[PDB]
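One-based numbering, in listed order, for ligands and for the atoms of each. So you know, we letter chains A, B, ... as the sequences are listed, proteins then strands, and number each from 1.
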Number of protein chains: 2
Amino acid sequence: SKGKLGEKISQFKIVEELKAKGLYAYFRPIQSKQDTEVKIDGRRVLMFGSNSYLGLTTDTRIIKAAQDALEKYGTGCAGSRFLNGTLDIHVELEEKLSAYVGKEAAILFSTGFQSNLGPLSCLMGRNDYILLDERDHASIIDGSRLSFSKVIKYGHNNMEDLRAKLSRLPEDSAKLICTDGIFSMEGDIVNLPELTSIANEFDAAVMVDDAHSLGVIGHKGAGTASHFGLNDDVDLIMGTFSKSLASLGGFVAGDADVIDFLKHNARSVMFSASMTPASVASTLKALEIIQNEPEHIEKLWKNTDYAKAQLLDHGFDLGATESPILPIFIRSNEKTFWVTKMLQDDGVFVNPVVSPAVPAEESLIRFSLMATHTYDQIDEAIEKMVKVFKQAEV
Amino acid sequence: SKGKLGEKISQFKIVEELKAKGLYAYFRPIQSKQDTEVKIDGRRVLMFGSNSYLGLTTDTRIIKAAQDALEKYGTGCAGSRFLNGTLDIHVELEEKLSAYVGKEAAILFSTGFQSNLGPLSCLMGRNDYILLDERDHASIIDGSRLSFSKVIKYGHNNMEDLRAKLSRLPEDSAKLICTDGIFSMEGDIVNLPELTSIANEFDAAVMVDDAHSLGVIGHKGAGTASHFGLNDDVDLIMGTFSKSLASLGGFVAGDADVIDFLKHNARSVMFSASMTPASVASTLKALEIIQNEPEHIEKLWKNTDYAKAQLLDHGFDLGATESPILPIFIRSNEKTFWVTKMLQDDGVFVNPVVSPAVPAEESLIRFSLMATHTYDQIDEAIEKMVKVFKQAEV
Ligand SMILES: Cc1ncc(COP(=O)(O)O)c(CN[C@@H](CO)C(=O)O)c1O
Ligand SMILES: Cc1ncc(COP(=O)(O)O)c(CN[C@@H](CO)C(=O)O)c1O
């Protein structure tokens, strides 16, 4: 029945208002492969709103590995990994990820989102604590809500606040600190050296979400612990396959005893169907390309350094990025929606960040680089951004 | 750091003990396509532990639709549907599901699990209520924990307990009842006529999880509301693609205003990468086969009726199934593990249900049918089960 349900959704008017004003630019229906240019409404649009940092979703080798796994294994496994949904190729990918991030063992999940739900829901229980950076990804907040532990947020990269909040907790309790590695909003890196120093002093477990770090920082792209030399001080390395690795799924890697506990206790792996064969094979062949062909990471950072220097030279107000995510502050929700749509209508795709996710005065667009971008495409996007920011009077 | 974390996992000894006793049969590594026979350790094993009710993960048409979508769209969309991860083919699949289940609109999710997280996390809030059948799938319990509402369980298919618990709640609050359609443990069907009668009297919203119902019950497999004629009395129809539809992902269908709210407010769709192109295309072509070729549903039910009658004729103690899930009670955790491994070692794959998920005296194996099973394969599995149950002295 719908009376009360209709009242619950009655106040949600922003989408209706964006559509009516001709500003709506969510769920834009792309008609072609994710690439540096995409087709939308039959026209070609420069893609600066992707997470495909290495441009690998179009690599013919990765496509053919996926098509070959469909031929051999079919369209799906039709069960959880726990029961009838494990393939030899899942186990292979776990072994190859464990080697890549320097851990004993790993467990796959069908999404990156579920990869955070698993360890955060089942390791800390009644009378324990989870400590979260306040800017952690939604999946980490949600995984923490699924625990029976007390969840405590600390100020963004605020090591004194983390240390003070830990200090206060009962000694006779377990604690787990979970942080993004690269934070996607502003593209900043966690202070892993200080965080791990604090964790060691309070015997707290450390879990890093390397969604935006794998294929981006660390030796041969191995992530945030690799970037800082702190493999031994991070208990759990989580990553996703939906970004540099051009696929869908994720994993958690760590000590074999912890991973054995997770794979038999995490509801998001016991009660959800396994990764498709095609995604296991695409992730495996992306992982072998990222390591064997250093040119992809190198070109990503050439593009990042070039675009960042060009945006600063034009006087754009950038956030504190240390990644291929270039956050461009606008500081008005209305202007952020207008700039986003004006750019779309001039063939440039960027992602808006608005209220209620952030305060109006912190609203921005996110301009992300791919290894496969050209300097010409970067130049075209930035000269269109200059024109739209003028038209908008930012 | 690992001291307290090592203490948290220290008491989890069942896996170690199963492995040491040679009884371990989780994460069995299959080397071939999910089918009526699978390869494990190089040998052929009859598969009676699948959710692929129509056997479609091996259909060459579905494989080629998936391979063709890889060719056109690549290995992944590298973003949430909300931003850069929508394709024209996602929108097509939403329209074709909305038509199939008789609703205005649908939103896809990358997993079935996330499809329950979305509506259960974001529709009922502070001062509202979610009412859950106590046997609801883990994803429904978890999605309810992510809400800010008060979650109330009611006794399994206990309409007097549902009615009494609703009765007691403040009139000036929203309520949402969420139930499995087919419950996978025992394969029983929700009392949707009485549940919807109660929901109408208390103006509670109704959400049905048709994971095990789509492709199984309802006209041309359209699910539990279709099975009872109660499309108008169910607000939200949720389903998965990982079972009859041979793929990965899921959806929620309903009124366009509710679906528009969900797709812009459900964290599991705003903050998780979209379905791979290959899975959208496999789901689309499975959906067209289920409707156009009635032989698949018909053969599933021939196999189900034949196996059920054969198990009852041999004197197995079956649960109250109304589906192709045949629960065979053993009522001893030790015997359930032994029977499971003895069957595996004789080339028969079934799924155990044990403590702590159920009480020892309710432990069982689940024997599920596929349309593609033959009566010969059913006969071989049941004659092996008879032999193992004797050897085990059940
Ligand atoms: C009623 C119901 N609702 C939701 C889901 C989650 O769907 P997914 O496995 O496609 O994520 C399942 C999963 N069921 C399987 C995994 O596919 C299990 O082993 O639990 C389910 O049975
Ligand atoms: C830090 C971090 N951790 C986890 C995830 C979830 O991974 P998934 O998108 O592969 O499920 C994301 C997703 N990030 C994208 C979707 O891919 C977003 O729009 O939110 C993430 O940024």
Protein contact of [atom] - nearest heavy atom, named by residue and atom, plus distance:
| atom | value |
| --- | --- |
| atom 22 (O) of ligand 2 | A:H212 NE2, 2.9 Å |
| atom 15 (C) of ligand 1 | B:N51 ND2, 4.0 Å |
| atom 6 (C) of ligand 1 | B:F113 N, 3.4 Å |
| atom 3 (N) of ligand 2 | A:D209 OD2, 2.6 Å |
| atom 20 (O) of ligand 1 | B:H137 NE2, 2.9 Å |

Do [X] and [Y] meet the criterion of a side-chain donor-acceptor pair at a distance under 3.5 Å?
| X | Y | answer |
| --- | --- | --- |
| B:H137 | B:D180 | no |
| A:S50 | A:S52 | no |
| A:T276 | B:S279 | no |

Using the rule side chain to side chain donor-acceptor pair (under 3.5 Å), only one of B:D142, B:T240, B:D209 pairs with B:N116; which is it?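 Among the candidates, only B:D209 passes.
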For the pair A:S282 and A:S247, evaluate side chain to side chain donor-acceptor pair (under 3.5 Å) and give the outcome as yes or no after the intermediate values. CA-CA 6 Å; A:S282 62; A:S247 308; 2.7 Å; yes
Partners passing ring-ring contact (aromatic ring centres under 6.0 Å, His included) against B:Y53 (at least two apart in sequence or in another chain):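 Residues passing ring-ring contact (aromatic ring centres under 6.0 Å, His included) with B:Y53: B:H212.
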Kindly confirm or rule out an N or O of A:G112 lying under 3.5 angstrom from an N or O of ligand 2.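 Yes; the residue has a nitrogen or oxygen that sits under 3.5 Å from a nitrogen or oxygen of the ligand.
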Going by heavy-atom distance to atom 9 (O) of ligand 1, choose the closest among B:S115, B:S110, B:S247, A:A273.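 Comparing heavy atoms across B:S115, B:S110, B:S247, A:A273, the nearest one to atom 9 (O) of ligand 1 lies in A:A273.
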Heavy atoms only: which of A:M270, B:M238, B:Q114 lies closest to atom 19 (O) of ligand 1?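 Residue with the shortest heavy-atom distance to the ligand atom: A:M270.
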For A:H264, enumerate each residue passing the side-chain hydrogen bond (donor to acceptor under 3.5 Å, both in side chains) test, keeping only those at least two apart in sequence or located in another chain.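 Scan of A:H264 (side-chain hydrogen bond (donor to acceptor under 3.5 Å, both in side chains), adjacent residues dropped) gives B:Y24.
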For ligand 2, which atoms have a heavy atom of [X] less than 4.0 angstrom away?
| X | value |
| --- | --- |
| A:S242 | 8 (P), 9 (O), 10 (O), 17 (O) |
| A:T240 | 7 (O), 8 (P), 10 (O) |
| A:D180 | 1 (C) |
| A:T111 | 11 (O) |
| A:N116 | 3 (N), 4 (C) |

Of all the heavy atoms in A:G250, does at least one lie under 4.0 Å from an atom in ligand 2?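 No, A:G250 has no heavy atom closer than 4.0 Å to ligand 2.
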Would you say ligand 1 has an N or O under 3.5 Å from any N or O of A:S272?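 In this structure, A:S272 places an N or O atom under 3.5 Å from an N or O of ligand 1.
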If you draw the axis of the six-membered ring of B:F82, does the NZ or CZ of B:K263 fall within 45° of it and under 6.0 Å from the ring centre?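 No, B:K263 does not lie over the aromatic ring of B:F82.
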Could you give me the CA-CA distance, side-chain angles and deciding distance for A:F27 and B:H90, then say whether ring pair (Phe, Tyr, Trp, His ring centres under 6.0 Å) is met? CA-CA 10 Å; A:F27 299 88; B:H90 292 112; 9.9 Å; no
Hey, which atoms in ligand 1 end up nearer than 4.0 Å to a heavy atom of B:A211?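 Within the 4.0 Å cut-off of B:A211, ligand 1 contributes 1 (C), 2 (C), 3 (N), 21 (C).
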Do NZ/NE/NH1/NH2 and the carboxylate oxygens of A:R366 and A:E186 come within less than 4.0 Å?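 Looking at A:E186 together with A:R366, the answer is no, because their closest N to O distance does not fall below 4.0 Å.
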